[PDB]
Each structure stands twice: as C-alpha cells, then as structure tokens.
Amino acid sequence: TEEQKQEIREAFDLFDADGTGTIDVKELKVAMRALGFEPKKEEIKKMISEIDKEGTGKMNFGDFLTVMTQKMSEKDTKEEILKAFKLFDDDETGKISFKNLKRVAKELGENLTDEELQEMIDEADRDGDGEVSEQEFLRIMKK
C-alpha cells in the first residue's frame, strides 16, 4: 500500500531532520511507537541486533521500511489469531478450556474423541496449567 508506505517515510523523517538519509538505530522504539506499535524490551533488543548486523549505529530508509513492513504483517497476523482465540474463549475466561475446544470441534462438524481433544490441549499447554493461554495459542498458530 502506498499510503502506509508514505506514513512510514514520515515517521522515519522525524528522526532525520538533517536529511542525511539515515537515523540512529536507537530511535527505533520511538519510531515504532509513532507508527502505533508498542514493542516489548526483548523485541527491540532483537530488532536492533537484526537491523544493524554490521554495528554502525545507523539505519537507512530501505532497512526501516523492510522491518516496518514485516512488523505490520506480523501485527495483522497476531490480531487475526487473537480474533480466533476469542471465538474459542466464548465464556471470556481468558483461556481456552477443554470445554471451549470440544464446543468448537462439535460446532465445526469435527468428530473428535475426548482423548483427541485432550491431546490438543496438552500439545498447546506449555505452562502445564491445563488450559490454553493467548501466548500458547499464538505459539501453536505459528508452527
């Protein structure tokens, strides 16, 4: 999209007032915020390392546009996955229970035994609390 590309250019240019064609990689968090992201500490650490593999301290617009395109795609995918989580979690308990999963499978005409449904819970249930969190669901949706 051309309008989104323009918005990304405008956010980059905020940090390049001198017109050098580069901005300090340390501005990434604020640049991302301008674009409506709120990246976590670990995410910033990883991105800065990925963007500036040569260690110069600087990024150009093409680098910035590539990463922001990636992040926008990832955000859209996340939001869609979270929409699906809510469709499982119809009781709004914040977790997908065996009950929610059984209900879904039945509703979608999918014939699964309790043993097969329990197996899906166990597969997703990384933290061992017997139900499926947003993070667990996110994880299993991207595999």
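Numbers follow the displayed sequence, beginning with 1.
As the entry records it, the average C-alpha temperature factor is higher for 37 to 45, out of 37 to 45 and 81 to 89.
For the pair 131 to 139 and 5 to 13, the mean B factor over Cα atoms is greater in 5 to 13.
Ranking 53, 26, 95, 103 by Cα temperature factor from the entry places 53 first.
Among the modelled residues of the chain, residue 30 sits in the lowest third by CA temperature factor in this PDB entry.
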